[PDB]
Amino acid sequence: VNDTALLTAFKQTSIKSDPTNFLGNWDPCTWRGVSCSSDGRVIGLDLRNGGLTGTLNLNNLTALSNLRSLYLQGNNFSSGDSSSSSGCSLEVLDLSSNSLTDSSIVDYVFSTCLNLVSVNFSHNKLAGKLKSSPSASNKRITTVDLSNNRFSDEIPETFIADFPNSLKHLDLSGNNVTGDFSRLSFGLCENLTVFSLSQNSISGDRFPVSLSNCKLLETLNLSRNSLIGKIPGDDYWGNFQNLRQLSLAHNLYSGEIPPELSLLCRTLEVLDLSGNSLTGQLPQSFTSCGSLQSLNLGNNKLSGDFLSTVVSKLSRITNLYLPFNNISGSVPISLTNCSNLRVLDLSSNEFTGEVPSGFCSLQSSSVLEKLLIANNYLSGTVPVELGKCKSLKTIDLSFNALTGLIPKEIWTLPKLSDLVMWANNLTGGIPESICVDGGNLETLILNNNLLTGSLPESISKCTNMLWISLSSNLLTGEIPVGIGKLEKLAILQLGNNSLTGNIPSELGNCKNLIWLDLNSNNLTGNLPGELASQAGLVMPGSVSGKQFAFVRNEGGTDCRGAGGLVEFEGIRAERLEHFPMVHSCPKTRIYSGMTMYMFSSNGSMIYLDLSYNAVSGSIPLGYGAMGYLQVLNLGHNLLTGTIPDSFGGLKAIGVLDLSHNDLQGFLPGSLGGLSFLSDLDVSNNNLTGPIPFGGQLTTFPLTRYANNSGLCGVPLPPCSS
Ligand SMILES: *[C@@H]1O[C@H](CO)[C@@H](O[C@@H]2O[C@H](CO)[C@@H](O[C@@H]3O[C@H](CO[C@H]4O[C@H](CO[C@H]5O[C@H](CO)[C@@H](O)[C@H](O)[C@@H]5O[C@H]5O[C@H](CO)[C@@H](O)[C@H](O)[C@@H]5O)[C@@H](O)[C@H](O[C@H]5O[C@H](CO)[C@@H](O)[C@H](O)[C@@H]5O[C@H]5O[C@H](CO)[C@@H](O)[C@H](O)[C@@H]5O)[C@@H]4O)[C@@H](O)[C@H](O[C@H]4O[C@H](CO)[C@@H](O)[C@H](O)[C@@H]4O[C@H]4O[C@H](CO)[C@@H](O)[C@H](O)[C@@H]4O)[C@@H]3O)[C@H](O)[C@H]2NC(C)=O)[C@H](O)[C@H]1NC(C)=O
Ligand SMILES: CC(C)[C@H](C)[C@@H](O)[C@H](O)[C@@H](C)[C@H]1CC[C@H]2[C@@H]3CC[C@@H]4C[C@H](O)[C@H](O)C[C@]4(C)[C@H]3CC[C@]12C
Ligand SMILES: *[C@@H]1O[C@H](CO)[C@@H](O[C@@H]2O[C@H](CO)[C@@H](O)[C@H](O)[C@H]2NC(C)=O)[C@H](O)[C@H]1NC(C)=O
Ligand SMILES: *[C@@H]1O[C@H](CO)[C@@H](O[C@@H]2O[C@H](CO)[C@@H](O)[C@H](O)[C@H]2NC(C)=O)[C@H](O)[C@H]1NC(C)=O
Ligand SMILES: *[C@@H]1O[C@H](CO)[C@@H](O[C@@H]2O[C@H](CO)[C@@H](O)[C@H](O)[C@H]2NC(C)=O)[C@H](O)[C@H]1NC(C)=O
Ligand SMILES: *[C@@H]1O[C@H](CO)[C@@H](O[C@@H]2O[C@H](CO)[C@@H](O)[C@H](O)[C@H]2NC(C)=O)[C@H](O)[C@H]1NC(C)=O
Ligand SMILES: *[C@@H]1O[C@H](CO)[C@@H](O[C@@H]2O[C@H](CO)[C@@H](O)[C@H](O)[C@H]2NC(C)=O)[C@H](O)[C@H]1NC(C)=O
Ligand SMILES: *[C@@H]1O[C@H](CO)[C@@H](O[C@@H]2O[C@H](CO)[C@@H](O)[C@H](O)[C@H]2NC(C)=O)[C@H](O)[C@H]1NC(C)=O
Ligand SMILES: *[C@@H]1O[C@H](CO)[C@@H](O)[C@H](O)[C@H]1NC(C)=O
Ligand SMILES: *[C@@H]1O[C@H](CO)[C@@H](O)[C@H](O)[C@H]1NC(C)=O
Ligand SMILES: *[C@@H]1O[C@H](CO)[C@@H](O)[C@H](O)[C@H]1NC(C)=O
Ligand SMILES: *[C@@H]1O[C@H](CO)[C@@H](O)[C@H](O)[C@H]1NC(C)=O
């Protein structure tokens, strides 16, 4: 069994597709990825990020006597057959991004491979219970990563303790293992420095006693579990005098923050206690945390002035997160003593007074990059002092009581990227010098304000723009044709304004545009057929992964628009349920989550609301070829002609509103082939003929077909009579 013949047997038997031609040219040492030794023996195979699809069995590779390195991460390997039985000489194994399902591969590596130093099985589909620890004859294994898998049910009481004593890194995150945490033994746990059980279903009101033995622990991560009770205090945290990162986030902890947790402050660098029910405040004992960089206490019940009495004394604070708490009063000015503060998050609190701006007038140039104070009761004007924070990339002051004009110093911040100040009473207009003297923005979200004037053509310079929302303002003028230069623009909302002129044809050059909302304006002209010119070609973009909320208007056509999409970072859902904009429609429901594309390529527009305008002419036939289009609202216009039969191609559509127009002719029969169509309204037209019998069209209420010119058939009186 020559080494050269094994790799060939691996390529043919296991690999089933090589679109990169990276495995071509397969002497054993000249082969791609295969790193040789001097004596001619193979010692490593590096095929990372090679787009390889096939079934893997390690025995067909461990048969190589001198193989000590195997990198197969970033591929599409499935689980293979048991096949053969050979000895293993691996010291490093990497299977991080594959589709491995059989967990027996871990049992083999833990039973054989006695010289293994590090193994990564992360981000696979390995299923089943955790059973076996690495062999006791293995004296070298240090780091083991089994994270982001589908392991199930309880963890063995001695699973961790049975690991060799040389263990340093153990990651068990991203699974659904269960069990009372107090019954899990860590053993002696000598040399362990990194341990994580994050994102599982672990329970219990006590920590296991053995955990105190890990005197060398440097990162303890227990986030997104079901630990309950009070945070351990007293002398417990003195056991970990090397601990740099502690995370107990998104558990069921309650009570106050133990002052005795400050025993980590000689070394603690990162703390995350967010997503709990903690009350009170950060204890004064934490003034001795001179190494603390990231403090995250969001989504708790903390209150008081601890921001000034404690936090300001943290010299090395760089990332401070305290959103979704009960902190009232003004934002303390002493917070500027944090000379290294880069990110400050105080959203969803009871803060009052003026916007904090002292960070920028420090004796040294401020490094502040993100300021987020949404959903508070801040009042006054946007302070001009923020212009001195030249490192700012994100300003989020939405859902406050701010008033007045937006100062010119904001539109000139060189590095500004996200300007989010919707849900205020801000006035003024958009400068003509946006994104040319100032930063090339990614998001301009200023809807629900009192802004005036017309959108400048200088917006064409914001080539990086991803999301524009200026709905429900006092805007006037025409839609600038320069919007077509924004080929990354994904979301554009301009509803409930007084826009005039045509719908520019240049919108068709927005390569990534998926959401267009121009309802309740004064637009005229014809529907541009170019709006569908990007169908089947839309690529996803950096607009994915942003917090959003959708308020569905469940009142039919009487309610203006099909709904409201809003950026929702740092805002409580309750603050939206009581926003009078929500009550504009008698019936509403609040959908919420994170922006996520439902296609990987070759997509189309997703949301198109052009209702309540004076658009004339016929519906372009190309509009029916938008396969991912989920909402199409053209109601209350002066549209003419027939409904295209191409509309049978709106496979994803759930809402289709064509009411209050001058549309003529028959309802396309293909509308019955739309399996998701749950909201149709073609009332108040000159439509005639039978109502399509397929799909769900025969079930909609009578109100959805009324006031037409000879419609017949269920739910209407039958056509033959
Ligand atoms: C202990 O182990 C944990 C793992 O078990 C570690 O937790 C991970 O930390 C990572 C740190 O990088 C996080 O990755 C970054 O995340 C953010 C997005 O963060 C927000 O969303 C996350 C997702 O929430 C969904 O999923 C969870 C559960 O999975 C649900 O509970 C949520 O409800 C939600 O589910 C919805 O959405 C999904 C998806 O659609 C749906 O399926 C659901 O139905 C729902 O709709 C969430 O995990 C984040 O939580 C973090 O932040 C919270 C608020 O701060 C805090 O409460 C949490 O504790 C947690 O804290 C971590 O982060 C904060 C700071 O944010 C730190 O203070 C703290 O120490 C922790 O680190 C949060 O809610 C995203 O911005 C990032 O994406 C950037 O980076 C990637 C590369 O990684 C790029 O591809 C992206 O494009 C993007 O890049 C930007 O930035 C780059 C530089 O940074 C730059 O180069 C780029 O140009 C670009 O600007 C990251 O992906 C990870 O999310 C988080 N995972 C979990 C499960 O918590 C934890 O860090 C570790 N702790 C320690 C101390 O070691
Ligand atoms: C910008 C974009 C990427 C966003 C963030 C995207 O990810 C979202 O998932 C949207 C595409 C999702 C989020 C909420 C959804 C709506 C729920 C309520 C009704 C329910 C009806 O039955 C029909 O379905 C029509 C309806 C209006 C739905 C249309 C599609 C929406 C808007
Ligand atoms: C990764 O490999 C898997 C098989 O292990 C591929 O999944 C199959 O893909 C075909 C289309 O090529 C589908 O018809 C099958 O239904 C899929 N099978 C399963 C079990 O999912 C998968 O497409 C590959 N992914 C890549 C190369 O990105
Ligand atoms: C801390 O703030 C939260 C959020 O505002 C308060 O919880 C709200 O309490 C009101 C009381 O009328 C309820 O109507 C809301 O539904 C609650 N919201 C949530 C998300 O629970 C809480 O009361 C505040 N705590 C104190 C002591 O004032
Ligand atoms: C468009 O936005 C304006 C913003 O003014 C909305 O006007 C509000 O209408 C409600 C109706 O109940 C009144 O209570 C408010 O006082 C009005 N506000 C102002 C500032 O005048 C208008 O309703 C919005 N239209 C749509 C269709 O959303
Ligand atoms: C933009 O359109 C609105 C809505 O039609 C116009 O305002 C309405 O004008 C009619 C004229 O009969 C009045 O009866 C309504 O009371 C007005 N308001 C509403 C909410 O319908 C507005 O004049 C138009 N503006 C421009 C500049 O053309
Ligand atoms: C999906 O999109 C791709 C990528 O655009 C299309 O294929 C290529 O498109 C580019 C221009 O975008 C052309 O230069 C190439 O010649 C196309 N290659 C082909 C067709 O093999 C692809 O056609 C799209 N597929 C659809 C809409 O079904
Ligand atoms: C069909 O058209 C009729 C006639 O316009 C509508 O009835 C009108 O309803 C409005 C609003 O409720 C009233 O102000 C008018 O006085 C009504 N007109 C008459 C003659 O009674 C009816 O609502 C329309 N039906 C649908 C489903 O849109
Ligand atoms: C490994 O080799 C054996 C023996 O020829 C063969 O039966 C098996 O299919 C191979 N496994 C893989 C995954 O190619
Ligand atoms: C593990 O810890 C023990 C006891 O301190 C020590 O003998 C051994 O050298 C350590 N191993 C490693 C690899 O650090
Ligand atoms: C994860 O485990 C918990 C506790 O056993 C269980 O309630 C939950 O349904 C599991 N989730 C999945 C997706 O199997
Ligand atoms: C504008 O000011 C009024 C004053 O009564 C306030 O009720 C309203 O909420 C403010 N607008 C916004 C969007 O917060």
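The deposited coordinates for this entry were obtained by X-ray crystallography, with a reported resolution of 3.20 Å.

**Overview of the nonpolar core**
Counting residues in hydrophobic clusters, the biggest one holds 186 residues, and the most contacted among them are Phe195 and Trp237. In terms of residue count, helix 3 (residues 104-111) provides more of this core than any other element does, five residues in total. Residue assignment places this core across two domains, with domain 1 (1-90) and domain 2 (129-226) each supplying three or more. In this structure, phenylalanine 195 is in contact with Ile160, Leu170, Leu172, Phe186, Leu217, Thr219, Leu220, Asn221 and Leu222, ignoring residues within four places of it in sequence.

**Examining the state of the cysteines**
In the structure shown here, the tally under the stated rule is eight disulfides. Through a disulfide, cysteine 29 is tied to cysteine 36; the S-S separation comes to 2.0 Å. Judged by the torsion about the S-S bond (-60°), the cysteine 29/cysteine 36 disulfide is left-handed. Residue classification places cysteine 29 among the partly exposed positions, given a relative accessible area of 34%. Classification of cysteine 36 by relative accessible area gives partly exposed; the value is 23%. The side chain of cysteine 559 participates in a disulfide bridge whose partner is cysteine 585; the two sulfur atoms lie 2.0 Å from each other. With the S-S dihedral at roughly 90°, the linkage between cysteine 559 and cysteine 585 falls on the right-handed side.

**Observations regarding the site of ligand 7**
Every residue close to ligand 7 is listed here: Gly536, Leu537 and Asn602. Within the contact set of ligand 7, an oxygen atom lies 2.4 Å away from a side-chain nitrogen or oxygen of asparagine 602. Contact with the protein chains hides 18% of the accessible area of ligand 7, taken as 550 Å² for the molecule alone.

**A word on the site of ligand 12**
As a matter of local geometry, ligand 12 sits amid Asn400, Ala423, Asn424 and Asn425. One nitrogen or oxygen atom from the side chain of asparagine 425 is found 2.3 Å from an oxygen atom belonging to ligand 12. Taking 360 Å² as the accessible area of ligand 12 by itself, protein coverage stands at 40%. Taken together, the residues that form the shell around ligand 12 break down as one nonpolar, three polar and no charged.

**A closer look at the domain arrangement of the protein chain**
Assigned domains of the protein chain: these are domain 1 (1-90), domain 2 (129-226) and domain 3 (547-594). Computed over C-alpha atoms only, the centres of domain 2 and domain 3 are separated by 44 Å.

**Some remarks on the sheet that holds strand 9 (residues 127-128)**
One open sheet holds the four strands; their spatial order is 9-11-13-15, and the pairing between them is parallel. Whereas interior strands pair on both sides, the edge strands pair on one side only; in this sheet they are strand 9 and strand 15 (201-203).

**Some words on the UniProt feature "short sequence motif: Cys pair 1" in the protein chain**
As recorded in UniProt, the feature "short sequence motif: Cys pair 1" lies at residues 29-36. Between the C-alpha atoms that bound residues 29-36 there is a distance of 5 Å. The span itself is 0% helix and 38% strand.

**Focus on the side chain of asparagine 349**
Along the chain, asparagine 349 turns up in the loop between strand 26 (343-345) and strand 27 (350-353). Reaching out from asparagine 349, the side chain makes a polar contact with the backbone oxygen of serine 347 at a distance of 3.3 Å. Not counting residues up to four positions away in its chain, the partners in contact with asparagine 349 are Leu322, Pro323, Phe324, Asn325, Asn326, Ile327, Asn375, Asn376, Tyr377 and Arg572.

**What to know about the sheet that holds strand 6 (residues 76-79)**
In spatial order, the strands read 1-4-6; together these three strands make up an open sheet with mixed pairing. The open sheet terminates on both sides in strands that have one partner only, identified here as strand 1 (15-17) and strand 6. Within the sheet, the average angular offset between the axes of one strand and its neighbour, ignoring direction, is 25°. By the bridge criterion, four bridges tie strand 4 (residues 53-56) to strand 6 in an arrangement that is parallel. Paired with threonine 55 across the two strands is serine 78, which belongs to strand 6. Here helix 1 (residues 3-13) sits on the sheet and contacts strand 1, strand 4 and strand 6; the angle it forms with strand 1, its principal contact strand, is near 45°.

Cut-offs used in this document
- Residues numbered from 1 in each chain as written, not as in the entry; some residues may be left out.
- Chains lettered and ligands numbered in written order.
- Heavy atoms only, no water.
- Core = buried A, V, L, I, M, F, W, Y, C linked by side-chain atoms within 4.5 Å.
- Buried < 20%, exposed > 50% of the residue type's maximum accessible area, 1.4 Å probe, protein only.
- Helix = DSSP H or I, 4+ residues; strand = E, 2+ residues; numbered from the N terminus.
- Domains from an automatic or database assignment.
- Contact = heavy atoms within 4.5 Å.
- Disulfide = S-S within 2.5 Å.
- Near = heavy atom within 4 Å.
- Polar contact = N/O pair within 3.5 Å; in protein donor to acceptor, adjacent residues only side chain to side chain.
- Areas by Shrake-Rupley, 256 points an atom, 1.4 Å probe, with all protein chains shown as cover.
- Nonpolar A, V, L, I, M, F, W, Y, C, P; charged D, E, K, R; others polar.
- Pairing = 2+ DSSP bridges.
- UniProt positions renumbered as here; feature names shortened; annotations may be inferred.
- Axes fitted to C-alpha atoms, helices over the stretch in contact; angles between N-to-C directions.

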